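Asker: Let me give you the structure first, and then I'll get to my questions.
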Amino acid sequence: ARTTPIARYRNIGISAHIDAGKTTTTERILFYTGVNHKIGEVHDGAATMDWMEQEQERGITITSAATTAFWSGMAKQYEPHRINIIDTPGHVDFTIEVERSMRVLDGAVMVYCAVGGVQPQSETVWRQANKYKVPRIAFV
RNA sequence: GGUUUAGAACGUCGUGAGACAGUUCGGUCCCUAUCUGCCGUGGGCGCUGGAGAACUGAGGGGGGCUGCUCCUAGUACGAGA
Ligand SMILES: Nc1nc2c(ncn2[C@@H]2O[C@H](COP(=O)(O)OP(=O)(O)O)[C@@H](O)[C@H]2O)c(=O)[nH]1
Ligand SMILES: [Mg+2]
Ligand SMILES: [Mg+2]
Ligand SMILES: [Mg+2]
Ligand SMILES: [Mg+2]
Ligand SMILES: [Mg+2]
Ligand SMILES: [Mg+2]
Ligand SMILES: [Mg+2]
């Protein structure tokens with residue numbers, strides 16, 4: 001019946017300031033789980049999540065897009081977990097979208113830049129996550 | 001080709017011949033370079049005995065233009081775009 005046990009389900013979001021690497025980190029996720037044959041770059045519009053023509057041309061995420069993966073482990077340590085990742089936007093022009101995805105998800109991976117670190121949109125996603133008390137981790 | 005020759009016509013001016021910063025069609029553009037100048041190329045002599053070659057280098061000339069794509073780099077800057 002149920003393909004994967006309830007414990008092996010992750011509904012996660014990738015939230016942070018504009019251009020912290022969120023859309024790339026999602027491409028490298030879809031790559032290390034084999035679902036996409038090409039790595040693709042955000043600047044060259046190759047990114048699958050950036051499907052809208054505006055997203056391809058301007059290299060920005062103007063919407064939330066959802067994808068799935070099967071991450072066994074680094075050494076196949078665990079049984080394949082079905083991670084539902086909905087890539088989100090960081091532009092203040094689209095905050096409803098990040099809160100929209102943020103509410104349902106059980107965890108958030110907050111991207112950051114090593115040069116800048118805490119940025120305005122990073123505080124914005126922080127306050128939004130804190131009000132909904134989502135458990136968080138961070139990726140620099 | 002235009003402008004300004006001789007032909008002809010329009011409009012206008014004049015009685016007229018003709019005329020118009022008015023127009024219209026047609027209408028002969030010569031020279032074998034003496035000298036300077038310049039581009040080449042040699043003959044004479046000189047450089048102190050004659051000759052063959054290899055050069056130094058004062059000086060002179062030639063050349064000096066730039067686009068686009070990628071890497072750095074979505075890097076610095078920018079809340080962003
Ligand atoms: N140097 C470098 N550039 C990165 C890295 N991750 C992403 N980028 C680039 O930085 C830009 C912004 O990243 P992106 O994933 O589009 O951010 P998002 O729009 O917030 O999801 C894009 O041109 C990416 O290719 C990284 O680790 N290093
Ligand atoms: Mg993005
Ligand atoms: Mg005659
Ligand atoms: Mg010269
Ligand atoms: Mg010279
Ligand atoms: Mg580029
Ligand atoms: Mg950019
Ligand atoms: Mg723009």
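Lettering and numbering for the structure tokens are positional, with chains as A, B, ... in the shown order, residues counted from 1 in each chain, and ligands counted from 1 in the shown order.
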Could you pull out the alpha helix (DSSP H) residues of range 75-118 of chain A, going by DSSP on the backbone, and write them as a ChimeraX atom specification?

Answerer: /A:96-104

Asker: Those same residues - N, CA and C atoms - I'd like them written as a JSON list (two decimals), in the first residue's frame.

Answerer:
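Saved as result_2.json:
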[["chain", "number", "residue", "atom", "x", "y", "z"],
["A", 96, "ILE", "N", 4.25, 36.70, 0.34],
["A", 96, "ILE", "CA", 3.16, 35.75, 0.48],
["A", 96, "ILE", "C", 3.61, 34.35, 0.07],
["A", 97, "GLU", "N", 4.38, 34.24, -1.01],
["A", 97, "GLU", "CA", 4.79, 32.93, -1.53],
["A", 97, "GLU", "C", 5.64, 32.14, -0.53],
["A", 98, "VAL", "N", 6.58, 32.81, 0.15],
["A", 98, "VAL", "CA", 7.43, 32.11, 1.10],
["A", 98, "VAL", "C", 6.63, 31.70, 2.34],
["A", 99, "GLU", "N", 5.75, 32.57, 2.83],
["A", 99, "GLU", "CA", 4.91, 32.23, 3.98],
["A", 99, "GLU", "C", 3.93, 31.12, 3.61],
["A", 100, "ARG", "N", 3.40, 31.21, 2.40],
["A", 100, "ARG", "CA", 2.50, 30.24, 1.80],
["A", 100, "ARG", "C", 3.08, 28.84, 1.82],
["A", 101, "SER", "N", 4.31, 28.70, 1.31],
["A", 101, "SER", "CA", 4.94, 27.39, 1.38],
["A", 101, "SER", "C", 5.32, 27.05, 2.81],
["A", 102, "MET", "N", 5.78, 28.05, 3.57],
["A", 102, "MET", "CA", 6.36, 27.86, 4.90],
["A", 102, "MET", "C", 5.38, 27.22, 5.88],
["A", 103, "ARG", "N", 4.10, 27.60, 5.81],
["A", 103, "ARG", "CA", 3.11, 27.11, 6.78],
["A", 103, "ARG", "C", 3.01, 25.58, 6.79],
["A", 104, "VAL", "N", 2.79, 24.95, 5.63],
["A", 104, "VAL", "CA", 2.59, 23.50, 5.59],
["A", 104, "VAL", "C", 3.85, 22.72, 6.00]]

Asker: Write down as a list in words the residues belonging to range 3-112 of chain A that are assigned strand (DSSP E) by DSSP computed on the backbone.

Answerer: residues 9, 10, 11, 12, 13, 14, 15, 65, 66, 67, 68, 69, 70, 71, 81, 82, 83, 84, 85, 86, 87, 107, 108, 109, 110 and 111 of chain A

Asker: Taking C-alpha atoms for each residue, export the selection above as a PDB file, in the first residue's frame.

Answerer:
ATOM      1  CA  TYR A   9       8.794  11.575   4.892  1.00  0.00           C
ATOM      2  CA  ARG A  10      10.381  15.037   4.865  1.00  0.00           C
ATOM      3  CA  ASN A  11       8.438  18.140   3.788  1.00  0.00           C
ATOM      4  CA  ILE A  12      11.121  20.828   3.752  1.00  0.00           C
ATOM      5  CA  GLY A  13      11.498  24.377   2.437  1.00  0.00           C
ATOM      6  CA  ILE A  14      14.540  26.284   1.196  1.00  0.00           C
ATOM      7  CA  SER A  15      14.175  29.890   2.422  1.00  0.00           C
ATOM      8  CA  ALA A  65       7.868  25.136  -7.268  1.00  0.00           C
ATOM      9  CA  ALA A  66       7.657  21.659  -5.746  1.00  0.00           C
ATOM     10  CA  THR A  67       9.871  18.632  -6.376  1.00  0.00           C
ATOM     11  CA  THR A  68      10.630  15.275  -4.798  1.00  0.00           C
ATOM     12  CA  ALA A  69      13.795  13.208  -4.295  1.00  0.00           C
ATOM     13  CA  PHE A  70      15.051   9.983  -2.715  1.00  0.00           C
ATOM     14  CA  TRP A  71      18.114  10.597  -0.512  1.00  0.00           C
ATOM     15  CA  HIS A  81      13.574   8.929   2.287  1.00  0.00           C
ATOM     16  CA  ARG A  82      11.016  10.804   0.202  1.00  0.00           C
ATOM     17  CA  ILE A  83      11.850  14.494   0.690  1.00  0.00           C
ATOM     18  CA  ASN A  84       9.295  16.969  -0.661  1.00  0.00           C
ATOM     19  CA  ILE A  85      11.185  20.221  -1.315  1.00  0.00           C
ATOM     20  CA  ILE A  86       9.297  23.315  -2.455  1.00  0.00           C
ATOM     21  CA  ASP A  87      11.775  25.959  -3.574  1.00  0.00           C
ATOM     22  CA  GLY A 107      11.300  21.879   8.385  1.00  0.00           C
ATOM     23  CA  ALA A 108      13.276  24.671   6.767  1.00  0.00           C
ATOM     24  CA  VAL A 109      16.852  24.764   5.464  1.00  0.00           C
ATOM     25  CA  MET A 110      17.906  28.415   5.570  1.00  0.00           C
ATOM     26  CA  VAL A 111      20.588  29.255   3.023  1.00  0.00           C
TER      27      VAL A 111
END

Asker: What are the residues of chain A that have an atom within 10 Å of an atom of chain B, counting only C-alpha atoms (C1' of nucleotides), as a count of residues only?

Answerer: 12

Asker: Suppose you want the space between CA of residue 73 in chain A and CA of residue 24 in chain A; what is it in Å?

Answerer: 19.9 Å

Asker: Mind listing the residues within 12 Å of ligand 6, only C-alpha atoms (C1' of nucleotides) and all ligand atoms counted, as a list in words?

Answerer: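 Answer in the requested format: residues 41, 42, 43, 44, 45 and 59 of chain A; 69, 70, 71, 72, 73, 74 and 75 of chain B.
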
Asker: Please identify every polymer residue within 9 Å of ligand 4, using only C-alpha atoms (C1' of nucleotides) and all ligand atoms, and present the set as a PyMOL selection string.

Answerer: chain B and resi 61-63

Asker: Would you save the residues from that selection as a PDB file, in the first residue's frame, using C-alpha atoms (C1' of nucleotides)?

Answerer:
ATOM      1  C1'   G B  61      61.560  56.500 -43.785  1.00  0.00           C
ATOM      2  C1'   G B  62      57.691  52.530 -42.801  1.00  0.00           C
ATOM      3  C1'   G B  63      54.376  50.600 -38.527  1.00  0.00           C
TER       4        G B  63
END

Asker: For the interface of chain B with ligand 3 (cut-off 10 Å, counting only C-alpha atoms (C1' of nucleotides) and all ligand atoms), please tabulate each contacting residue of chain B alongside its nearest pair of atoms and their separation in Å to one decimal, rows sorted by chain and increasing number, as a Markdown table.

Answerer:
| residue | atom | partner | partner_atom_place_in_ligand_line | distance |
| --- | --- | --- | --- | --- |
| B:5 | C1' | ligand 3 | 1 (Mg) | 9.4 |
| B:6 | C1' | ligand 3 | 1 (Mg) | 5.5 |
| B:7 | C1' | ligand 3 | 1 (Mg) | 9.6 |

Asker: Export, as a PDB file, in the first residue's frame, the selected residues with C-alpha atoms (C1' of nucleotides).

Answerer:
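Output below, filename out35.pdb:
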ATOM      1  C1'   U B   5      27.932  81.284 -75.038  1.00  0.00           C
ATOM      2  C1'   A B   6      25.435  80.570 -79.559  1.00  0.00           C
ATOM      3  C1'   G B   7      19.053  76.715 -80.532  1.00  0.00           C
TER       4        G B   7
END

Asker: Using only C-alpha atoms (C1' of nucleotides), which residues sit within 9 Å of range 20-36 of chain B once same-chain residues fewer than 2 positions away are excluded, as a list in words?

Answerer: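 Surrounding residues, per the criterion: residues 7, 8, 9, 10, 11, 12 and 13 of chain B.
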
Asker: Dump the neighbourhood of ligand 2 as a PyMOL selection string: all residues within 6 Å, distances computed on only C-alpha atoms (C1' of nucleotides) and all ligand atoms.

Answerer: chain A and resi 22-23+60-61+89

Asker: Next, the residues of the selection above should be written as an mmCIF file, in the first residue's frame with C-alpha atoms.

Answerer:
data_model
loop_
_atom_site.group_PDB
_atom_site.id
_atom_site.type_symbol
_atom_site.label_atom_id
_atom_site.label_comp_id
_atom_site.auth_asym_id
_atom_site.auth_seq_id
_atom_site.Cartn_x
_atom_site.Cartn_y
_atom_site.Cartn_z
ATOM 1 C CA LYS A 22 18.744 28.513 -2.817
ATOM 2 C CA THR A 23 17.758 27.628 -6.447
ATOM 3 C CA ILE A 60 14.860 34.905 -10.253
ATOM 4 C CA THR A 61 12.284 32.608 -8.571
ATOM 5 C CA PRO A 89 11.437 33.043 -3.399
#
